[PDB]
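Have a look below at one chain only, the form deposited in one PDB entry, in structure tokens format.
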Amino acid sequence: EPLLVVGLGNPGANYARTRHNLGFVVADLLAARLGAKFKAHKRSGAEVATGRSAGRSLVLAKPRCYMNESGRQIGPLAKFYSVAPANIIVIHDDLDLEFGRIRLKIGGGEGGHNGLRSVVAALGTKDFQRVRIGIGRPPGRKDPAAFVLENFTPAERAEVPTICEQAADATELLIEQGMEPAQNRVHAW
């Protein structure tokens, strides 16, 4: 069955290192591992890189619209390559996990992620896979919408590349062995 891996993020150099763009950073790392380049995808508006991970073919994609409208490109991507939602993996920052903590699931909530809500709406289901990468959140009940548009702190920047290697590793393990075995290895702390 066809497989689609998507990173979420906002466009533009000024957003490239913000918390809300972790998905793009990991997708870029996956494409580097696969020796693949992102190219414009006319039918969806996104950009896609294609390759194989342990012999299995995959489409790697980053939307090119604002985060709010992510599903309007991911939906068409899924139809174009005939990928069922169960075989879509979305990589994203997660306000509800400690910074650097990676967790995998299918279904469940969006954790307040506006990109995830757009994808859920477009696919008509919550039942796609996710690579959740913790970023923490502001304390109390403060609105986090501005926190995710900040760059990481210097202390956090010291760990972000390692975290992205782990998230890239988690994506490949998901593709190779599925949810439960990948969870066993990936939930490392």
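Think of the rigid core as the biggest set of C-alphas that the two forms share within 1.5 Å after superposition. Residues carry their position along the shown sequence, with the first being 1.
The PDB entry records a higher mean C-alpha B factor for 28 to 36 than for its counterpart among 28 to 36 and 65 to 73. In this entry, 178 to 186 shows the higher mean Cα temperature factor of the pair 3 to 11 and 178 to 186.
Which of 129, 162, 44, 50 has the largest Cα B-factor in the deposited entry comes down to 50. Within the group 122, 133, 148, 60, the record's highest C-alpha temperature factor is found at 60. The PDB entry assigns residue 98 a C-alpha temperature factor belonging to the lowest third of its chain's modelled residues.
Omitted here: the form deposited in another entry. The next part is about that form.
Comparing C-alpha positions between this form and the one not shown after a rigid core fit, one residue in 142, 39, 33, 43 moves 2 angstroms or more. It is 142. Relative to this form, in the other form the C-alpha atoms of residue 108 and residue 141 separate from one another by 3 angstroms or more.
In the other form, the Cα positions of residue 141 and residue 96 lie at least 3 Å farther from each other than in the form displayed.
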